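The chain below stands alone and is given as structure tokens, in the form deposited in one PDB entry.
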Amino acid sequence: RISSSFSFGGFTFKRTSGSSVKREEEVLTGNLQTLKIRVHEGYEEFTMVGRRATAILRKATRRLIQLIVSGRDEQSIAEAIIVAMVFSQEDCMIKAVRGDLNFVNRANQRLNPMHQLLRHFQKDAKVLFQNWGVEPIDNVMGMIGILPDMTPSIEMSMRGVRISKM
């Protein structure tokens, strides 16, 4: 009776659609180190369940398609966004790494590269958010946007991200 659900960054991921296989891929991080990451290859939809936030993540191979997030407050919403961005395995997230030369490193064998990246961005997500990209939004279905400085917007949002009410 093993559950198909798994945990990452304080969220339980429950797959609701799609499927993936894993491939090994080299990625050049923002601290100029090359990591060998286990890339999810495929389209997948997950429900992310956390203590203070819930998110729906739709993604393709190394590409976030859509993230619908609700939460107790702006801080809790931000926490979910960070986890989804890391889980997406997007190049812009990889390239947003700054410093942590002995932590975000293949020489660091105490943690797998995905968790190295997660812990790095949970410390400070400023560069991650600033480099992710912003897009215009349609103010429909009661969904709003969130900008890189974590301010809500009815005009724009970080790419793929929408905030819903709880």
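Only residues modelled in both forms are compared. Counting begins at 1, following the sequence as shown. Heads up, when I say rigid core I mean the largest set of C-alphas that superpose within 1.5 Å between the two forms.
What comes next is about the form deposited in another entry, which does not appear here.
In a core superposition between this form and the one not shown, the Cα of 104 is the only one among 104, 48, 64, 128 shifting by 2 Å or more. The gap between the Cα atoms of residue 104 and residue 130 is larger in the other form, by no less than 3 Å, than in this form. After superposition on the rigid core, only one stretch of three or more consecutive residues whose Cα atoms move by at least 2 Å between this form and the one not shown is found, at 102-110.
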